[PDB]
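First up is the structure itself, then whatever we jot down about it.
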Amino acid sequence: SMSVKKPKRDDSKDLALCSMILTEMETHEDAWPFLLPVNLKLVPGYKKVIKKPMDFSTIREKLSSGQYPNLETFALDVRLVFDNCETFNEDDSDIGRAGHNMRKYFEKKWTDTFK
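For the deposited numbering, count along the sequence shown from 1 and bump the result up by 1855.
The structure is reproduced here in structure tokens:
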């Protein structure tokens, strides 16, 4: 509360570490569905159904331009990518499986880096 602060967690490396994680996600073999924004002209249903599209390139641009205020808002966008994928894709499809694998991969790196 006012003049009563929890001890300061060191956040000065967060930007660099999120960039590293994002690099590892970009270079995973199952990243291909997620590298670029879904083409809303060419994919029926996507525009209406997925209220907040997100992809790794868009996260990378936001990261690079100071549009994440903290490491939680970064994690929310990454998870959004996987939540959207589950909304639109059957679990038993190549893209559906890609999404589950990538989420698992992300969540481990996240825990190991920060928790």
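Each residue gets a CB set at the ideal place from its N, CA and C atoms; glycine is no exception.
(request) Just mark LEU1931 as buried or exposed, buried being the case when its beta carbon has 16 or more other beta carbons within 10 Å. (result) exposed
(message) To the nearest angstrom, how far is the alpha carbon of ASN1956 from that of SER1912?
(response) 19 Å
(message) In whole angstroms, give me the CA-to-CA distance for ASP1866 and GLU1945.
(response) 38 Å
(message) Quick check on this structure: which residue in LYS1907, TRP1887, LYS1902 and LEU1872 has the alpha carbon closest to the alpha carbon of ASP1949?
(response) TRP1887
(message) Do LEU1877 and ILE1914 count as a contact pair if the criterion is CB distance below 8 Å?
(response) yes
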